[PDB]
């Protein structure tokens, strides 16, 4: 048994900033501080205006990224779980959930801009981190890519759910996991956009 009247509810995922890719310089912007993030997580009511393709998102215990592609805000299950996302009208229930792909999605917030899925078949990719670093990544397989310049894993922590982009700025995949050998990240594993398009058309 358990005392049901006091069972708590997990809060919503909350947008706390964005990666500005609009102009000629990539940079992170914060749109909500720690206090407002916790209040907004509990209510699920986020009145802030949303802009751009890559959002910085937070729960009470984790922070990561979320990327809009074809009208869906995508992120990783290991960050969001089954949580709703805060919105101007209250919590919004997930529209996609696939733990086997480490993938979840909500309807893209009003004001967001969506990336278009890549059709160019290029293997010269670019990973966008939560610090607005644009890291060249050579595609090595359907879901893997190697860093031209390896980095300590610390530099990629908190960027799951961010995009991998082709040279034309099209979405190639969603950053999922890192290939980590003794604290150094040599390569990345991502959800291919085609897997997204299947999840959408499924």
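Positions refer to the first chain, counted from 1.
Peer 1: Would you mind comparing 167-175 and 34-42 for me and telling me which has the higher average C-alpha temperature factor in the entry?
Peer 2: Comparing averages over the C-alpha atoms only gives 34-42.
Peer 1: With respect to the recorded C-alpha B factors, which stretch has the higher mean value, 191-199 or 3-11?
Peer 2: Per the PDB record, 3-11.
Peer 1: Would you mind finding, among 121, 71, 105, 81, the residue with the largest C-alpha temperature factor in the entry?
Peer 2: If I rank 121, 71, 105, 81 by C-alpha B-factor, first place goes to 121.
Peer 1: Report the option among 54, 148, 28, 57 whose CA atom has the maximum B-factor in the deposited record.
Peer 2: It is 148.
Peer 1: Split into thirds by Cα B-factor across the chain's modelled residues, where does residue 19 land: lowest, middle or highest?
Peer 2: CA B-factor rank for residue 19: lowest third.
Peer 1: So where's residue 116 on the chain's Cα temperature factor ranking, which third?
Peer 2: Highest third of the chain for residue 116's C-alpha B-factor.
Peer 1: Test of reading the entry: by CA B factor among the chain's modelled residues, which third contains residue 67?
Peer 2: Ranked within chain, residue 67 CA B lands in the lowest tercile.
Peer 1: What third of the chain does residue 160 rank in for C-alpha temperature factor, lowest, middle or highest?
Peer 2: Residue 160: CA B-factor falls in the lowest third of its chain.
Peer 1: Ranked by Cα temperature factor within the chain, is residue 101 in the lowest third, the middle third or the highest third?
Peer 2: CA B-factor rank for residue 101: middle third.
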